[PDB]
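S.K.: Right, I'll just put the structure down here and ask away after.
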Amino acid sequence: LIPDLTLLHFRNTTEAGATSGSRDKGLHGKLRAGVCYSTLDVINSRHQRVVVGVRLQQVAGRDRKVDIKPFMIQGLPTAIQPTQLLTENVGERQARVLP
Amino acid sequence: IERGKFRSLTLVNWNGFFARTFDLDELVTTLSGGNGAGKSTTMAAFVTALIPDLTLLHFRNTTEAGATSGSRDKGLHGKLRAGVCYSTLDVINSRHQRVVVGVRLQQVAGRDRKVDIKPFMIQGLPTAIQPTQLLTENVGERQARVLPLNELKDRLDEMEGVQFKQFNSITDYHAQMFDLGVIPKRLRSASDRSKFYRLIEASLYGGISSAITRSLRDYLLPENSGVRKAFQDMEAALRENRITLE
Amino acid sequence: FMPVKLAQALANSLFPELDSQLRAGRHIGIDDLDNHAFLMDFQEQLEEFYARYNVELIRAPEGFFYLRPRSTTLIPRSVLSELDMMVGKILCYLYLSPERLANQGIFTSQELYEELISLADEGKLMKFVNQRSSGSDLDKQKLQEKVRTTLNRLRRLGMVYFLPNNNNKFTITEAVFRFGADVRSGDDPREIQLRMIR
Amino acid sequence: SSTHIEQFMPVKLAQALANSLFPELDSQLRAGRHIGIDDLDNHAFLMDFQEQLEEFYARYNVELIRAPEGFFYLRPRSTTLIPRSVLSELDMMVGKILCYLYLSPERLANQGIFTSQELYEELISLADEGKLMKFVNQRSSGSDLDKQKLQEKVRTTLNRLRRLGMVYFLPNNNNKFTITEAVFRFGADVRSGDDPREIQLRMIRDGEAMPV
Amino acid sequence: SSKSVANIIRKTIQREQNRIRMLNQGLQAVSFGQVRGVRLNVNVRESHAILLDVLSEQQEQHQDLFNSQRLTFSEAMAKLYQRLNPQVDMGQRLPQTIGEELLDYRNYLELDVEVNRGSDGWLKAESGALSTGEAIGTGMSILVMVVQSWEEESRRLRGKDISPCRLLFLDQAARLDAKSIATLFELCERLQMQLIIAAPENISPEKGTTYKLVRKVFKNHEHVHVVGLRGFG
Amino acid sequence: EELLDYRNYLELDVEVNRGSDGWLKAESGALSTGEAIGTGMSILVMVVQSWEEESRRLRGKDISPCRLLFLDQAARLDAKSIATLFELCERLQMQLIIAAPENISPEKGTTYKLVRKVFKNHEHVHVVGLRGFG
Amino acid sequence: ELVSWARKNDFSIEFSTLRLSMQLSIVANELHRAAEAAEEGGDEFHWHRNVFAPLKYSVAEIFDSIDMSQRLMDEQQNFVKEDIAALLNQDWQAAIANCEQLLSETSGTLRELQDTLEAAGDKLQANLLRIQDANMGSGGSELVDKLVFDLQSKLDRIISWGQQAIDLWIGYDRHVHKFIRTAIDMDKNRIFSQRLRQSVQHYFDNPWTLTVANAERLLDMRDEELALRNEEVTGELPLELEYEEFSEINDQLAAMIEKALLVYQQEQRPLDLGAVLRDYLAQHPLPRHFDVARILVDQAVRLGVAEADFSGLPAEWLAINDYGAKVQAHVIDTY
Amino acid sequence: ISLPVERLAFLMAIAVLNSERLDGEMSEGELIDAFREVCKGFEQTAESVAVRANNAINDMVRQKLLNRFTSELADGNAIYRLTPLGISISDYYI
DNA sequence: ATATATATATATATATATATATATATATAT
DNA sequence: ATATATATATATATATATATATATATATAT
Ligand SMILES: Nc1ncnc2c1ncn2[C@@H]1O[C@H](COP(=O)(O)OP(=O)(O)OP(=O)(O)O)[C@@H](O)[C@H]1O
Ligand SMILES: [Mg+2]
């Protein structure tokens, strides 16, 4: 919903308003190596099926930093699910996430 | 050795509670009830009985735990009813001595929501005497009344074998409690009291208290005076050297 | 360096006496024309000068100036007795409108004594003199002597201007309003003052 | 020119009065506190701007005076703008005794750290026990209750002198103390080798000491 | 004097490290969420070991810094710490306070809390990288160790016949699941620790004692009615 | 500049009709956890409604922005409070995502059971879904 | 605890450095011999006769002797302080040289004792650590460790004092000089001292008092007296605690479902939540259906995972009854 | 040489603490605590704790049982050490 | 026609200094 | 013998300055 690194701080529920204590925002450790995606699907009052989303990547480096790229998709068929667009059903056991 | 135990917690004239005695468990005591039942009130009353330091007592909501809310009110005043209130603990010592520590709380008249607290201790009370009855006088038909500290002193002194003491400072109160195996650490200085309250406060809200983890060094490791003496010696040497150089 | 106007105010030949009287707690009202005008002119700098002492230079709504010590006050602080505030509130009440027809701004120790006896509760009077006392001659004489002593203490503060003679007859200044209560819309000053005193 | 400090106050006096140390020093001085070499910061502050402060305080009709021993203090004049007060005779006894202990080598092992008990023992050694006790209570004849009363009075006078800077309690102990050179003032009547009755008149004339 | 200082700090640090390392084995693999164990890591800080070495052997080489009239001893120590080991990059804290901090031996040890999360080994415990239940369990473990240490320290002053009472709290217990609460119960009973827990629902029906509170409005005031509960009927 | 803003001229307070007593100012310290949580949700929906009202005049006349809120550690609330919250959200056509560690079982809406496991030496969340009950 | 022991007992009533060197040498020989004997090893009796009888008694006695020498030096320091104090009473300005010499000799003696102490402290510590290393050669050598832990501190303790005393004395010394630089410099002839003494003795023949500034204290307004709330609260006292019992119906249902479901794990049969739930919910009335579904799922998800969940193909919402109940789950294959 | 039961017990406690003391130094700040504890155990209050402690320490110092050293930094601004006679008297029983 | 480096603005949160309130010791006075 | 005043220390919350990291628009090398 809000792809801004400044504001995103996933502190623990305990210490909901307390100071940082550490320097990490807690987002990097929730991701996995590679390219990841977080997408919402919305149906407007106009009934337009819109897929909003963000591509996330653990920025390789000394610190635990994350790169976020927003995106929107419009006009998708109602029969195609988000997991299908972002994943290739290769013959292997597990699918492949595409950039 | 047999470790002492907290037998029960008694609440007098509290918000919602007139005179209620919860008998604690050897291992675990649980309190349930819908929102606003008054469990947090019981916890607050206990801790008030344990550390009656008014500067430390701050009953923030579990939400905003440690987040400054700027209410200017510690929340204790609204948890008491008008008139006298009591909060007492019965403890069985490892010497198998039943000791009733406690505090008399009373709202201070005025716009400020300020409270006054007076600790006290009772030793040698017969095991058949319940604090709930000990603190109340049966006036009228099944209409017991609460009695003030002076009346309690008169009633107890008239009994045989019971020793009642009233403390003019929470320091002596903590010292006596420690003497009877009720507190792990001797809270000689105000910093010790602050650390103790920090520990129980973190426990009550539960989980990683920021202050604790930030001062874990102070909380775990003991203070050493030899290092301080050596540093002072080096300081004096450096001061003399600077004097000579100047 | 130092503020220039602050240096001017401190250098003024009136500054030593006024400073001593302020550090003694005296209240400077409109009656002291020279001192009041000096404080009016140089307040913006004397407030800072006395804030350097962790004290506040306060100009009351009535107009009189005074020094309020903070908790970190650098000027040795002291606290008035209970009888002192009681007597202060009595004089504040006596700063009344019928007072003009009653005493024309000049009261006598007897007026204060009778007002204090009739108006105050017996328990506080005993607490003043001693608890075990009960309506006796020696206790009343000691109470009168303490009343005179506290009247002198107020004189030290500028609350009461003695009429010059050994005899006890004085006048009440506006600064006494410090003991007074706040005024609301339509409230009778007499009623609020008595309610506070009770 | 206008808006210029020299118009009203000398530059160095204004600098001294604007220093962070001025307020505590002024409050202590007006309270009657003597300043010795131990308060290094305050003593140095007084030394640097000593002349400005004597002339400033002269406006109050009080002399900022530095005794030859090197300790500053305030002596009000008969026309003082700051009230004045005199020490009690018991205060003189304890101050003279304190000066003796400062100059006494027998107690050198103490290294300057003294307890009130030792001070009382020395006091009774050099003074007249019962005739000194007479002042504590007019009806004393050696009663131990009155003895404890005199001990308590000596302790109280010692505390007051501590307030005056003649003695410092130790950073953690209020039952032990270290003497300061200010105590030398208690010997101003004997520092000059002349007849006592002329030196007393000289001092009282100078305002150093009133009689009782 | 500087050499003697450094020596006494080193000895105290070694003694405290040994004590804490011996104490660590007083934990028995608590099960909280994916956290399988809690541990205390004590390690002498190299940034401070270098400082001790310089103090003990090379005091004179930096006398220029020590004997400056501008710097107090605390500030001198802070500046010396800055001089060597310059990559720490301390923040905006003033030299005076950081030096005063340097004057305490305990600061010289990194004292941190490690958790054996899942199968990732022992990782430093950060509230920002732990679930609510995991953090609650870790905090309880820390508090129990702290109270044990306090009891141990006072073992000398206290009489040989008294064991101090032990009691802790936990409000809003509903944040913990059944497994976590069972683990907490077994830990507390193994440590003879009394617990007072609160939750809107009875989360511990078959252990210890339980009470249920109901608040009733009654003639323009309130009353709380307390009813005991039992496991089986 | 503070005076130049009309909003500063207004004093805003949150009041609750707590029990037998009248309307009292909402102080975080004078309420239980559930009461504070509920009042917070109330004020949040107030804010959402106000924002929608403000933004309507700059939007297409036939656009109704989505409304969706969270509630973590919902177990702090009792069944009565949860039912009241559900009623409020329904009345306001507002979607809720509530997390509870199995303690509560809201019969209405969708429920998602999650369980963490190790599979192929990787952490995996087995997920099951239910809905329509009631 | 020793207070009661004492109460029931009812009881009541060589500074030469050559010495210190010779005790240190004797200690070195005995400690090295004991360390070598421990390192060589032996049976329990050999371990005893080589590390417990010889070491313990000898080291304890001679460390006590060294400590006794330090105590005798402490006595000598006290005596020299007293001698200096008495001398300054008799010569005043003429004892300055005597006191400076006495200070010089005492300082030199203290420094030589410290030097002799540190002449063997390090190597003795090394030998003691060696004995610590060799102690673990047997399981019954626990007591040895105590000595190897005890005989440490004493030694270090001794060395500590060897410096601490100097740290104290070098301090005290300064004071004496200060005294000479302050007490006697301005009272060279001491006449001021006698005259002060006579003034004290004959003060009240001319009682005089000094003058000091006594500025007034800033009188302040007393804060309002605090009055508590007194209302004599009365009310009904609570009755005896009632009790209620917890229903274990859900436990019985869970046991039923676990027994009914264990067959799938036993046979490793592919489990389909849709069909299983649809079949099983028919056995219960509609209002209970939810409380069943949940439980069943709780029991099913512990049994293996579903391989399709990694395919990226979402599962459908299969209906599991009438009235509109639905379930979304892939088939559980990998047990 | 005159050791009543209380003085003797205080001396024995001092010796025990010195034996268990790390570096073999005793500041008076701990001596006063030890005297308070022994007097509490013996259950006698002739005067205040402080005066009794001071009198006993001074008596032992003059009775050649303790040696005092003035150190301002030390807790209580003094450091006390057992004298050879005190060591002998203490270890005679211990 | 593109992507990286710069300058700008912003929120975060870190630290300091201030001011308040409470507890304590304890020294006075009736 | 105890009420009361006074000085000191600590914890706690407010307010302000400042360094850090990120987001956005423009400039300029590729
Ligand atoms: N200081 C106070 N002033 C006014 N009302 C209060 C105060 N403290 C508690 N209350 C009210 O008393 C009732 C019990 O509060 P309390 O926080 O003790 O409940 P609880 O059982 O802990 O609740 P929950 O589990 O929902 O947190 C609630 O109505 C609360 O609003
Ligand atoms: Mg609650």
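Just remember, in the structure tokens the first chain shown is A, the second B, etc., residues are 1-based per chain, and ligands are 1-based in the order shown.
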Could the residues of chain E within 6 Å of chain B, counting only C-alpha atoms, be given as an MDAnalysis selection string, please?

M.R.: chainID E and resid 1:2 5 67 135:136 139 146 150:151 162:165 169:171 194:202 208:215 222:224

S.K.: Please provide as a list in words all residues within 9 Å of residue 3 (chain G), with the sequence filter that same-chain residues fewer than 3 positions apart are discarded (counting only C-alpha atoms (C1' of nucleotides)).

M.R.: residues 6, 7 and 8 of chain G; 9, 10, 13, 37, 38, 39, 41 and 42 of chain H

S.K.: One decimal, Å: what's the distance from CA of residue 4 (chain H) over to CA of residue 81 (chain H), could you say?

M.R.: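 Pair CA of residue 4 (chain H) / CA of residue 81 (chain H) returns 20.2 Å.
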
S.K.: Show me, as a PDB file with N, CA and C atoms, in the first residue's frame, the residues that have an atom within 12 Å of region 125-141 of chain G when counting only C-alpha atoms (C1' of nucleotides), minus same-chain residues fewer than 6 positions from it.

M.R.:
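Everything below was put into result_22.pdb:
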```pdb
ATOM      1  N   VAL G  27      59.661 -20.091  49.928  1.00  0.00           N
ATOM      2  CA  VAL G  27      58.367 -20.307  49.299  1.00  0.00           C
ATOM      3  C   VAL G  27      58.570 -20.740  47.861  1.00  0.00           C
ATOM      4  N   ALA G  28      59.508 -20.100  47.165  1.00  0.00           N
ATOM      5  CA  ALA G  28      59.765 -20.450  45.777  1.00  0.00           C
ATOM      6  C   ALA G  28      60.202 -21.899  45.658  1.00  0.00           C
ATOM      7  N   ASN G  29      61.129 -22.318  46.516  1.00  0.00           N
ATOM      8  CA  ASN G  29      61.602 -23.695  46.452  1.00  0.00           C
ATOM      9  C   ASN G  29      60.468 -24.675  46.720  1.00  0.00           C
ATOM     10  N   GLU G  30      59.726 -24.462  47.811  1.00  0.00           N
ATOM     11  CA  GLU G  30      58.654 -25.393  48.151  1.00  0.00           C
ATOM     12  C   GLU G  30      57.551 -25.408  47.097  1.00  0.00           C
ATOM     13  N   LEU G  31      57.163 -24.235  46.593  1.00  0.00           N
ATOM     14  CA  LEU G  31      56.113 -24.168  45.585  1.00  0.00           C
ATOM     15  C   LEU G  31      56.536 -24.849  44.293  1.00  0.00           C
ATOM     16  N   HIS G  32      57.777 -24.623  43.853  1.00  0.00           N
ATOM     17  CA  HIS G  32      58.251 -25.287  42.646  1.00  0.00           C
ATOM     18  C   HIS G  32      58.290 -26.795  42.836  1.00  0.00           C
ATOM     19  N   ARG G  33      58.762 -27.250  43.999  1.00  0.00           N
ATOM     20  CA  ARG G  33      58.812 -28.682  44.266  1.00  0.00           C
ATOM     21  C   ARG G  33      57.415 -29.287  44.236  1.00  0.00           C
ATOM     22  N   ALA G  34      56.459 -28.635  44.899  1.00  0.00           N
ATOM     23  CA  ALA G  34      55.093 -29.144  44.917  1.00  0.00           C
ATOM     24  C   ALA G  34      54.489 -29.147  43.520  1.00  0.00           C
ATOM     25  N   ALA G  35      54.746 -28.097  42.738  1.00  0.00           N
ATOM     26  CA  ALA G  35      54.215 -28.040  41.382  1.00  0.00           C
ATOM     27  C   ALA G  35      54.778 -29.168  40.530  1.00  0.00           C
ATOM     28  N   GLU G  36      56.083 -29.423  40.641  1.00  0.00           N
ATOM     29  CA  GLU G  36      56.680 -30.511  39.875  1.00  0.00           C
ATOM     30  C   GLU G  36      56.131 -31.862  40.318  1.00  0.00           C
ATOM     31  N   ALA G  37      55.963 -32.056  41.628  1.00  0.00           N
ATOM     32  CA  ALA G  37      55.394 -33.308  42.116  1.00  0.00           C
ATOM     33  C   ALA G  37      53.980 -33.509  41.588  1.00  0.00           C
ATOM     34  N   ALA G  38      53.170 -32.450  41.595  1.00  0.00           N
ATOM     35  CA  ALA G  38      51.820 -32.549  41.053  1.00  0.00           C
ATOM     36  C   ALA G  38      51.851 -32.866  39.565  1.00  0.00           C
ATOM     37  N   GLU G  39      52.744 -32.211  38.822  1.00  0.00           N
ATOM     38  CA  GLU G  39      52.816 -32.429  37.382  1.00  0.00           C
ATOM     39  C   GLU G  39      53.218 -33.862  37.061  1.00  0.00           C
ATOM     40  N   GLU G  40      54.148 -34.427  37.832  1.00  0.00           N
ATOM     41  CA  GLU G  40      54.549 -35.809  37.594  1.00  0.00           C
ATOM     42  C   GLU G  40      53.368 -36.757  37.751  1.00  0.00           C
ATOM     43  N   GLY G  41      52.551 -36.550  38.781  1.00  0.00           N
ATOM     44  CA  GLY G  41      51.364 -37.354  38.979  1.00  0.00           C
ATOM     45  C   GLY G  41      51.602 -38.521  39.915  1.00  0.00           C
ATOM     46  N   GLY G  42      50.519 -39.228  40.198  1.00  0.00           N
ATOM     47  CA  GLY G  42      50.586 -40.366  41.090  1.00  0.00           C
ATOM     48  C   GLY G  42      49.197 -40.813  41.485  1.00  0.00           C
ATOM     49  N   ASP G  43      49.167 -41.800  42.376  1.00  0.00           N
ATOM     50  CA  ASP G  43      47.903 -42.308  42.881  1.00  0.00           C
ATOM     51  C   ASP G  43      47.309 -41.312  43.876  1.00  0.00           C
ATOM     52  N   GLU G  44      46.190 -41.701  44.488  1.00  0.00           N
ATOM     53  CA  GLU G  44      45.538 -40.817  45.446  1.00  0.00           C
ATOM     54  C   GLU G  44      46.442 -40.530  46.638  1.00  0.00           C
ATOM     55  N   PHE G  45      47.116 -41.558  47.160  1.00  0.00           N
ATOM     56  CA  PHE G  45      48.011 -41.349  48.294  1.00  0.00           C
ATOM     57  C   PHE G  45      49.212 -40.493  47.905  1.00  0.00           C
ATOM     58  N   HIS G  46      49.784 -40.734  46.724  1.00  0.00           N
ATOM     59  CA  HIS G  46      50.890 -39.905  46.255  1.00  0.00           C
ATOM     60  C   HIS G  46      50.436 -38.469  46.038  1.00  0.00           C
ATOM     61  N   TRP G  47      49.278 -38.296  45.398  1.00  0.00           N
ATOM     62  CA  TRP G  47      48.732 -36.958  45.205  1.00  0.00           C
ATOM     63  C   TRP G  47      48.588 -36.249  46.543  1.00  0.00           C
ATOM     64  N   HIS G  48      48.026 -36.945  47.532  1.00  0.00           N
ATOM     65  CA  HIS G  48      47.903 -36.376  48.867  1.00  0.00           C
ATOM     66  C   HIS G  48      49.265 -35.957  49.402  1.00  0.00           C
ATOM     67  N   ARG G  49      50.164 -36.923  49.592  1.00  0.00           N
ATOM     68  CA  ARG G  49      51.417 -36.643  50.279  1.00  0.00           C
ATOM     69  C   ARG G  49      52.299 -35.664  49.514  1.00  0.00           C
ATOM     70  N   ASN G  50      51.994 -35.380  48.246  1.00  0.00           N
ATOM     71  CA  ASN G  50      52.795 -34.441  47.475  1.00  0.00           C
ATOM     72  C   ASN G  50      52.141 -33.086  47.248  1.00  0.00           C
ATOM     73  N   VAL G  51      50.824 -32.960  47.419  1.00  0.00           N
ATOM     74  CA  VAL G  51      50.151 -31.719  47.045  1.00  0.00           C
ATOM     75  C   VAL G  51      49.217 -31.203  48.135  1.00  0.00           C
ATOM     76  N   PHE G  52      48.982 -31.993  49.179  1.00  0.00           N
ATOM     77  CA  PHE G  52      48.045 -31.614  50.229  1.00  0.00           C
ATOM     78  C   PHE G  52      48.689 -31.483  51.597  1.00  0.00           C
ATOM     79  N   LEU G  55      52.340 -28.996  50.519  1.00  0.00           N
ATOM     80  CA  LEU G  55      51.951 -27.700  49.981  1.00  0.00           C
ATOM     81  C   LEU G  55      51.116 -26.947  51.005  1.00  0.00           C
ATOM     82  N   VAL G  59      52.792 -23.552  52.590  1.00  0.00           N
ATOM     83  CA  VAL G  59      52.417 -22.310  51.923  1.00  0.00           C
ATOM     84  C   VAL G  59      51.542 -21.459  52.829  1.00  0.00           C
ATOM     85  N   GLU G 118      57.486  -7.557  44.643  1.00  0.00           N
ATOM     86  CA  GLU G 118      57.327  -7.765  43.209  1.00  0.00           C
ATOM     87  C   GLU G 118      58.482  -8.549  42.605  1.00  0.00           C
ATOM     88  N   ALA G 119      59.572  -8.739  43.352  1.00  0.00           N
ATOM     89  CA  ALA G 119      60.701  -9.511  42.853  1.00  0.00           C
ATOM     90  C   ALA G 119      60.345 -10.972  42.632  1.00  0.00           C
ATOM     91  N   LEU G 147      42.946 -24.446  47.539  1.00  0.00           N
ATOM     92  CA  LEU G 147      44.212 -23.791  47.835  1.00  0.00           C
ATOM     93  C   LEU G 147      44.731 -23.067  46.603  1.00  0.00           C
ATOM     94  N   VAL G 148      44.685 -23.735  45.448  1.00  0.00           N
ATOM     95  CA  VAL G 148      45.147 -23.111  44.219  1.00  0.00           C
ATOM     96  C   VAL G 148      44.275 -21.924  43.848  1.00  0.00           C
ATOM     97  N   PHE G 149      43.072 -21.832  44.418  1.00  0.00           N
ATOM     98  CA  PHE G 149      42.261 -20.630  44.285  1.00  0.00           C
ATOM     99  C   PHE G 149      42.455 -19.683  45.456  1.00  0.00           C
ATOM    100  N   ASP G 150      42.731 -20.229  46.639  1.00  0.00           N
ATOM    101  CA  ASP G 150      42.920 -19.409  47.827  1.00  0.00           C
ATOM    102  C   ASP G 150      44.308 -18.785  47.828  1.00  0.00           C
ATOM    103  N   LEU G 151      45.338 -19.617  47.669  1.00  0.00           N
ATOM    104  CA  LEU G 151      46.708 -19.140  47.761  1.00  0.00           C
ATOM    105  C   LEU G 151      47.004 -18.089  46.700  1.00  0.00           C
ATOM    106  N   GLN G 152      46.186 -18.024  45.650  1.00  0.00           N
ATOM    107  CA  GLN G 152      46.215 -16.908  44.717  1.00  0.00           C
ATOM    108  C   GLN G 152      45.985 -15.588  45.438  1.00  0.00           C
ATOM    109  N   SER G 153      44.769 -15.413  45.961  1.00  0.00           N
ATOM    110  CA  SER G 153      44.345 -14.102  46.441  1.00  0.00           C
ATOM    111  C   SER G 153      45.334 -13.550  47.451  1.00  0.00           C
ATOM    112  N   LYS G 154      45.633 -14.335  48.487  1.00  0.00           N
ATOM    113  CA  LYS G 154      46.588 -13.916  49.503  1.00  0.00           C
ATOM    114  C   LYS G 154      47.799 -13.280  48.839  1.00  0.00           C
ATOM    115  N   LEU G 155      48.477 -14.042  47.980  1.00  0.00           N
ATOM    116  CA  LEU G 155      49.652 -13.516  47.299  1.00  0.00           C
ATOM    117  C   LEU G 155      49.335 -12.168  46.668  1.00  0.00           C
ATOM    118  N   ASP G 156      48.374 -12.143  45.743  1.00  0.00           N
ATOM    119  CA  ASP G 156      48.008 -10.879  45.115  1.00  0.00           C
ATOM    120  C   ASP G 156      47.637  -9.857  46.176  1.00  0.00           C
ATOM    121  N   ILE G 159      50.665  -8.381  47.579  1.00  0.00           N
ATOM    122  CA  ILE G 159      51.258  -7.424  46.655  1.00  0.00           C
ATOM    123  C   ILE G 159      50.431  -6.150  46.630  1.00  0.00           C
TER     124      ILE G 159
END
```

S.K.: Any idea what's packed within 7 Å of region 14-25 of chain A, counting only C-alpha atoms (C1' of nucleotides), ignoring anything in its chain fewer than 4 positions away? Could you give it as a PDB file with N, CA and C atoms, in the first residue's frame?

M.R.:
```pdb
ATOM      1  N   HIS A   9       8.373   0.809   9.116  1.00  0.00           N
ATOM      2  CA  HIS A   9       9.123   0.360  10.287  1.00  0.00           C
ATOM      3  C   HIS A   9       8.290  -0.727  10.956  1.00  0.00           C
ATOM      4  N   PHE A  10       8.707  -1.977  10.778  1.00  0.00           N
ATOM      5  CA  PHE A  10       7.997  -3.120  11.347  1.00  0.00           C
ATOM      6  C   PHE A  10       8.600  -3.508  12.697  1.00  0.00           C
TER       7      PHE A  10
ATOM      8  N   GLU B  64       0.794   1.609  23.944  1.00  0.00           N
ATOM      9  CA  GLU B  64       1.671   2.717  24.309  1.00  0.00           C
ATOM     10  C   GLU B  64       2.490   2.373  25.549  1.00  0.00           C
ATOM     11  N   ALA B  65       2.881   1.106  25.661  1.00  0.00           N
ATOM     12  CA  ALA B  65       3.736   0.677  26.759  1.00  0.00           C
ATOM     13  C   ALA B  65       5.098   1.340  26.608  1.00  0.00           C
ATOM     14  N   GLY B  66       5.386   2.313  27.467  1.00  0.00           N
ATOM     15  CA  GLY B  66       6.615   3.068  27.372  1.00  0.00           C
ATOM     16  C   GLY B  66       6.592   4.195  26.364  1.00  0.00           C
ATOM     17  N   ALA B  67       5.491   4.376  25.641  1.00  0.00           N
ATOM     18  CA  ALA B  67       5.338   5.502  24.732  1.00  0.00           C
ATOM     19  C   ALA B  67       4.692   6.660  25.479  1.00  0.00           C
ATOM     20  N   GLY B 207       7.572  -9.016  27.864  1.00  0.00           N
ATOM     21  CA  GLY B 207       8.374  -8.865  26.673  1.00  0.00           C
ATOM     22  C   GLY B 207       9.571  -7.960  26.868  1.00  0.00           C
ATOM     23  N   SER B 210      12.484  -1.868  26.466  1.00  0.00           N
ATOM     24  CA  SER B 210      13.610  -1.182  25.846  1.00  0.00           C
ATOM     25  C   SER B 210      14.656  -0.800  26.885  1.00  0.00           C
TER      26      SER B 210
ATOM     27  N   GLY E 128      12.888  -5.985  16.404  1.00  0.00           N
ATOM     28  CA  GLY E 128      12.413  -5.787  15.050  1.00  0.00           C
ATOM     29  C   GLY E 128      12.442  -7.029  14.186  1.00  0.00           C
ATOM     30  N   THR E 132       5.723 -11.494  18.227  1.00  0.00           N
ATOM     31  CA  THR E 132       5.287 -11.029  19.538  1.00  0.00           C
ATOM     32  C   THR E 132       5.519 -12.094  20.602  1.00  0.00           C
TER      33      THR E 132
END
```

S.K.: Enumerate as a short mmCIF file (atom, residue, chain, number, x, y, z; two decimals) with C-alpha atoms, in the first residue's frame the residues belonging to chain G that approach chain B to within 7 Å, with only C-alpha atoms taken into account.

M.R.:
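iface-v2.cif, written as the output of this step:
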```
data_model
loop_
_atom_site.label_atom_id
_atom_site.label_comp_id
_atom_site.auth_asym_id
_atom_site.auth_seq_id
_atom_site.Cartn_x
_atom_site.Cartn_y
_atom_site.Cartn_z
CA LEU G 226 -3.02 18.70 51.56
CA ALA G 227 -6.30 17.26 52.85
CA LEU G 228 -7.10 13.63 52.11
CA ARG G 229 -10.54 12.19 51.35
CA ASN G 230 -12.42 10.69 54.30
CA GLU G 231 -15.88 9.21 53.77
CA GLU G 232 -16.10 6.12 56.04
CA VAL G 233 -16.86 3.78 53.16
CA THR G 234 -19.10 0.85 54.03
CA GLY G 235 -20.43 -2.01 51.96
CA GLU G 236 -21.40 -5.65 51.85
CA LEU G 237 -18.57 -8.11 52.42
CA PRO G 238 -18.11 -10.78 49.71
#
```

S.K.: For residue 31 (chain H), work out the shell of residues within 12 Å, counting only C-alpha atoms (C1' of nucleotides) and skipping chain neighbours fewer than 4 positions away, then give it as a count of residues only.

M.R.: 34

S.K.: Residues of chain G near chain D: apply a cut-off of 10 Å, count only C-alpha atoms, and supply the list as an NGL selection string.

M.R.: :G and (78 or 81-89 or 92 or 171-176 or 179-180 or 182-184 or 186-187 or 190-204 or 206-217)

S.K.: How far is it from CA of residue 22 (chain D) to CA of residue 46 (chain D), in Å with one decimal?

M.R.: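 Result for CA of residue 22 (chain D) versus CA of residue 46 (chain D): 9.4 Å, one decimal.
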
S.K.: Residues of chain H were defined as contacting chain D if any atom lay at most 9 Å from it, counting only C-alpha atoms; please report them as a ChimeraX atom specification.

M.R.: /H:69-73,75-77

S.K.: Report as a list in words the set of chain B residues whose atoms approach chain J to within 9 Å, with distances computed over only C-alpha atoms (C1' of nucleotides).

M.R.: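 Close to chain J, chain B has residues 55, 56, 68, 70, 72, 190, 191 and 194 of chain B.
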
S.K.: Can I get the selection written as a JSON list (two decimals), in the first residue's frame, with C-alpha atoms?

M.R.:
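The result, stored in part.json:
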```json
[["chain", "number", "residue", "atom", "x", "y", "z"],
["B", 55, "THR", "CA", 7.57, 8.60, 41.49],
["B", 56, "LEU", "CA", 7.94, 5.18, 39.84],
["B", 68, "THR", "CA", 4.91, 8.94, 26.29],
["B", 70, "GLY", "CA", 1.46, 13.17, 28.00],
["B", 72, "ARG", "CA", 0.19, 14.03, 33.16],
["B", 190, "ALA", "CA", 16.81, 5.03, 44.82],
["B", 191, "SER", "CA", 18.56, 3.63, 41.74],
["B", 194, "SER", "CA", 14.16, 2.24, 40.00]]
```
